[PDB]
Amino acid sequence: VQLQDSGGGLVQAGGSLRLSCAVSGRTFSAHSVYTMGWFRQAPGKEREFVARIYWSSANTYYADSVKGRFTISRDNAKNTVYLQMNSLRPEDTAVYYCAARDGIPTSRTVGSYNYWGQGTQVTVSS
């Protein structure tokens, strides 16, 4: 599986952005047991869990700090995963990475995901 993430940029506090992650490599069936997620790496910090979605059921799970503000979704026909980001704050400034696992993650850590996007950069200015 190959992942290409995009959509990051500069936004004012209170604004919105939508990140995309195109899945590539081998072909996906609509009910593949894959999990996709988003991680973010803030200045001076390690990559941290943001959200995940089970590819087959579209069941979602969010870090507390983004609930209500961010939503993850996936389109099987286009083989793409999205992160809608609303009500952005300076502390959401980070590089955001698409990530995937060919199965069900056992944790919310980087080690649970074996496929990684290259990252897209989000800057929230005051």
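Residue indices: 1-based, along the sequence shown.
Colleague: Between 21-29 and 107-115, name whichever shows the higher mean Cα B factor according to the PDB entry.
Modeller: Mean CA B-factor is higher for 21-29.
Colleague: Mean CA temperature factor from the deposited coordinates, higher in 74-82 or in 48-56?
Modeller: Higher mean C-alpha B-factor: 74-82.
Colleague: Where does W38 sit by CA temperature factor within its chain: lowest, middle or highest third?
Modeller: It falls in the bottom third of the chain.
Colleague: Would the CA B-factor of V124 place it in the lowest, middle or highest third of its chain?
Modeller: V124: CA B-factor falls in the middle third of its chain.
Colleague: Taking only the Cα B-factors deposited for this chain, tell me whether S65 sits in the lowest, middle or highest third.
Modeller: Ranked within chain, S65 CA B lands in the highest tercile.
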